[PDB]
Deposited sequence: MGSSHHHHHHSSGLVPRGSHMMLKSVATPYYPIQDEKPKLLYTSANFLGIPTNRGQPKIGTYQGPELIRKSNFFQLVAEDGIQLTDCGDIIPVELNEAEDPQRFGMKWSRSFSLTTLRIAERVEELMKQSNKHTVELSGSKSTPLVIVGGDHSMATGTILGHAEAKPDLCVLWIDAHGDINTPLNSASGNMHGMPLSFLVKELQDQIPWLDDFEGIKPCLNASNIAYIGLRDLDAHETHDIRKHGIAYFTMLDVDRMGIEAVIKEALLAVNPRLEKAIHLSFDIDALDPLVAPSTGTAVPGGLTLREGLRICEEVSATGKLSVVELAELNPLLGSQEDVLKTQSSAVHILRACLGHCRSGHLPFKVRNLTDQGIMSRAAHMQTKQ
């Protein structure tokens, strides 16, 4: 009755991928919620595997290189993430749930994931492409670049740096699909189209509906459910009305319900191997904003592990006459 009976939980408090302080509190925002209690109530055994400790260099140790900010913190953090994720993945099936942390963590989680499962596919749920190459990034923020280091067809656009040697590109462009895009930089658009990356923007969601979008995205990168799935979910893919506490909010996003449909369908493939939830920042917005964002996150992560909005059956059906209590029906004799 359960597709996944156990799962692992991992925190990654990255905050050097972007300038707003507070994404490091992401994992704690979910640990303080009722997420663990709710997942236990659906009968899933969830093991907390702790937090990964990011490498945060002093400013003097990590100057800008090719416009990138904190790039040495990034390379070192990426290798440390990959090792731990690889270990957990090599250690039905047991999904790994990861809570960020800004989205720069994805270079490491996927690198590590791909080590254990080289044939995986990636579903990237995001308002943004996160695939700027360093010389094209207007900001230099690493959370806007994590896919460009992973995609093989892009490596003539990545500047060589010796500390990036261990970050080997493990994805073909044919293995990635986007859902929810609405704020692409022109150079991301060029690369996505040039190398044929499957992508479904909010325009596509409006015109096709999310059911057909989810279907087409799975067909494009996992046509027969043969591949492990890495689901990389930026909370800002969701409309700011339901996920306001995030650093780069873009209006006109996914409703919570559309976000749940994505997670529900991906969960039910049986192939969900890693889900990561990025860009929660509880230091942004009002207290009510933070509670809305926390709530949307918890509902999203529960859907990934298999929670069904149509309800769950009890493990043991309770009966009145078994407790030696007279029912109304019984009394009417």
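J.: What's missing from the model if you number the deposited sequence from 1?
T.: Gaps in the modelled chain, taken against the deposited sequence, lie at 1 to 38, 130 to 140, 383 to 385.
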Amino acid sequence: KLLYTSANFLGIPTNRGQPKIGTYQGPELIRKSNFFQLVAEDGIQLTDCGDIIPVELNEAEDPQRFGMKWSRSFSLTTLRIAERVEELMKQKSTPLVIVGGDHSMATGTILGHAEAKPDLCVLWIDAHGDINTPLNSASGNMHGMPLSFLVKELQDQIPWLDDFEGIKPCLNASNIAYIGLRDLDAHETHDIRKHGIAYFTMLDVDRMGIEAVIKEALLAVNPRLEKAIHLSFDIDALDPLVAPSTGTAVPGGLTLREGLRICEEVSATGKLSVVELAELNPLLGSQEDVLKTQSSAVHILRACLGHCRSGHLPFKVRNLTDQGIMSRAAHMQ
From here on, numbers count along this sequence of modelled residues.
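J.: So which stretch wins on mean C-alpha B-factor, 236 to 244 or 146 to 154?
T.: Taking the mean C-alpha B-factor of 236 to 244 and of 146 to 154, the larger value falls to 146 to 154.
J.: Taking the mean of the C-alpha B-factors per stretch from the entry, tell me the winner out of 315 to 323 and 18 to 26.
T.: Per the deposited B-factors, the answer is 315 to 323.
J.: If you check the C-alpha B-factor for each of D163, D183, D102, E216 in the entry, which is highest?
T.: Highest CA B-factor of the listed options: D163.
J.: Of the choices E265, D62, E279, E276, which one's C-alpha carries the largest B-factor in the record?
T.: By C-alpha B-factor in the record, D62 ranks first.
J.: What third of the chain, by the recorded C-alpha B-factor, contains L46?
T.: Its C-alpha B-factor belongs to the highest third of this chain's values.
J.: For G112, does the deposited CA B-factor place it in the lowest, middle or highest third of the chain?
T.: According to the entry, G112 has a C-alpha B-factor in the chain's middle third.
J.: State the tercile, meaning the lowest, middle or highest third, of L96 with respect to the CA B-factors recorded for its chain.
T.: Middle third of the chain for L96's C-alpha B-factor.
J.: Classify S295 as lowest, middle or highest third according to the C-alpha B-factor given in the PDB entry, relative to its own chain.
T.: Its C-alpha B-factor, which the entry lists for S295, ranks in the lowest third among residues of this chain.
J.: Among the modelled residues of its chain, does the C-alpha B-factor of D130 lie in the lowest, middle or highest third?
T.: As the PDB entry reports it, the C-alpha B-factor of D130 lands in the middle third of its chain.
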